Number of protein chains: 6
Amino acid sequence: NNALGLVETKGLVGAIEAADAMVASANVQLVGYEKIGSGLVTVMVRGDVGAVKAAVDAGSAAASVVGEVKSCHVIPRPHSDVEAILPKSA
Amino acid sequence: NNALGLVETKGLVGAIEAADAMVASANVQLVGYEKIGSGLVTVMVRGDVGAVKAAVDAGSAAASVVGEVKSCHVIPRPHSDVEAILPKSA
Amino acid sequence: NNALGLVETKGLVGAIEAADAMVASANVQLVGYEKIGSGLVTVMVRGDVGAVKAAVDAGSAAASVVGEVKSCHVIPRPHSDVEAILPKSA
Amino acid sequence: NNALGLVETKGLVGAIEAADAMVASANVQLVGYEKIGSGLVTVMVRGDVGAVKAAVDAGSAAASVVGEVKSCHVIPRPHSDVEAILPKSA
Amino acid sequence: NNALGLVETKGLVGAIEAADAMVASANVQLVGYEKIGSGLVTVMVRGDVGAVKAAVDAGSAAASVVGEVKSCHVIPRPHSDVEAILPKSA
Amino acid sequence: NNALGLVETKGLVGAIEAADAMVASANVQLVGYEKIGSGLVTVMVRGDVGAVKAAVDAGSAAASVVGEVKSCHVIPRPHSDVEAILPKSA
């Protein structure tokens, strides 16, 4: 039940750049890569809280240079019930 | 035929944060997690009315900090006919 | 070939609230619950014209309190050819 | 290779009302009912040119009262090559 | 590796009218009819460059009268690598 | 683990023109052609960094003449973890 980091962008170029900067900046695993329409894509990572916080800061900053960031967030310990609604693979 | 709580967000980060805050704030079960396009996602919970009201208040407040809330509502006792149109799992 | 009532909302919370208020306010059956993108959802009911008119008035009013109503309408007797394009279940 | 009539609406309520008014106003057959996203729905009819012109005039007028009409048009004789891109059923 | 002509419209009525005017105005074959969301539809034709240029001019003009044209273009000789991303049928 | 070039357009005509100009301007392979809704399409190429940079410059310039460019970017060496979220074919 590790920390969860999320970066949502409008556009796929921003999502790919966020994903690359997140995995490169800290020891985190890509666990979600979700499209919900209206061009919105959410990149999700998991790891220890410090690594996830560093990853989301790097990802949002990198995606904002090339594209459009909608939201970014860290959940240090998602409730066990939340795992049902999280993606099962990136 | 328990109470139904709904939080609809524009963006997946807001939906995940609403879902986490709803299940953490009261004894409710996640029963819906629906995408309808235009980036709209609806998170649905069920439980006793007091727990559902507390969950929707927590979820809408949490989602509004990180994303965009479209609507939130509680139906204390959905009509039996309505169960046909509700999701069958989250 | 009974009367048809339609409530179209932008957002799922408005659609669920319309559906609940429609079935609770009159003796009508839920026959359609359709998503067409751009967050638009249409709730459809059937029954005798008086019941359908009461249902659509209740549904549009209820959905407007919690969400956004796009259109609402009653067709007292849809032409037989129209049944081809109507949903086959809610 | 009969005449083709088209009414495109933003919203399903407008599309259903166009379809009902088209089939009721003239001897035309419903041959298309297509969703392309952004809430756009196109209703298509076929028949003799006079019937199709009457149907499209009735459909666009009826849909404009309850919803939003995007476009309406009549093609008196679609080119044989065009039949490939037309729907195969309503 | 013949010339490629493209007409992209917002709305299906504009796409059908473009397709009909393109095939009627010159000796071209319909090779693509693609939906990408946000109501965008791209009609594609192939043939000799003069026929394709005449087709795209006719199609964009016809679609602009009834609907909304987003873009139109002619590629006289698409690179062999591009054939991978072109539709395999209209 | 070669360089990755991305051109995202609003509209398919811009995407096809970007893809053609990218493959024609440098020795790059088309590796992605992705639709995410809201009319957004991302064209992806791979190759040596100099070829990818030349391809993305040519593609964005060409797509901007005929359509709308949302973003363009080059990643000289995507992190190994990123390959999970990249398309598996164009």
Side-chain angles (χ1 to χ4, degrees), chain D residues 1-12 14-15 18-19 22 28 30-46 49 52-53 55-57 59-61 63-64 67-90, chain E residues 2 4-48 51-52 54-56 58-71 86-90:
Chain D
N1 204 14
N2 267 280
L4 172 71
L6 313 165
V7 179
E8 185 163 26
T9 60
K10 186 172 181 177
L12 198 63
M22 293 161 89
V28 295
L30 271 168
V31 301
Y33 194 73
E34 290 284 309
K35 307 166 211 286
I36 66 161
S38 176
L40 300 174
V41 181
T42 299
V43 181
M44 315 188 185
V45 298
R46 289 191 90 166
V49 70
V52 170
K53 287 174 59 55
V56 168
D57 285 355
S60 59
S64 66
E68 184 179 342
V69 173
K70 169 104 166 71
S71 289
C72 67
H73 189 44
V74 172
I75 302 177
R77 188 192 189 151
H79 191 281
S80 59
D81 289 11
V82 160
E83 305 286 346
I85 62 82
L86 296 180
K88 313 305 169 198
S89 77
Chain E
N2 267 280
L4 172 71
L6 313 165
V7 179
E8 185 163 26
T9 60
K10 186 172 181 177
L12 198 63
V13 172
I16 291 160
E17 181 57 4
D20 191 63
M22 293 161 89
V23 299
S25 304
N27 184 22
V28 295
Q29 187 168 93
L30 271 168
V31 301
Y33 194 73
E34 290 284 309
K35 307 166 211 286
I36 66 161
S38 176
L40 300 174
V41 181
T42 299
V43 181
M44 315 188 185
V45 298
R46 289 191 90 166
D48 67 80
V52 170
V56 168
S60 59
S64 66
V65 168
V66 306
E68 184 179 342
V69 173
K70 169 104 166 71
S71 289
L86 296 180
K88 313 305 169 198
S89 77

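The figures that follow rest on heavy atoms only: side chains count, while hydrogens, waters and symmetry mates do not. Protein chains get the first letters and strands the later ones, always in sequence-line order, with residue 1 at the start of each.
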Quick check: closest heavy atoms across [X] and [Y], and the distance to 0.1 Å?
| X | Y | answer |
| --- | --- | --- |
| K70(D) | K10(E) | NZ-O, 2.9 Å |
| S38(D) | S38(E) | CB-C, 3.6 Å |
| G67(E) | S71(D) | CA-OG, 3.8 Å |
| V13(E) | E8(D) | N-OE1, 3.1 Å |

Under 4.5 Å from a heavy atom of chain D, the part of [X] involved:
| X | answer |
| --- | --- |
| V28(E) | backbone |
| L12(E) | both |
| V66(E) | both |

Exercise for the section: Taking atom CG of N1(D) as the centre, report whether more than 12 heavy atoms of other residues, nucleotides or ligands fall under 6.0 Å from it. Expected result: yes
Problem - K53(D), NZ: over 12 other non-hydrogen atoms inside 6.0 angstrom - result: no
Handout entry: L40(D), part contacting chain E, at a heavy-atom distance under 4.5 Å
Key = side chain
Exercise for the section: Identify the residue among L4(D), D81(D), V82(D) that makes a side chain to side chain contact (heavy atoms under 4.5 Å, CB included) with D20(E). Expected result: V82(D)
Practice task
State, with a plain yes or no, whether a side-chain heavy atom of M44(D) is found less than 4.5 Å away from one of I16(E).
Solution key: yes
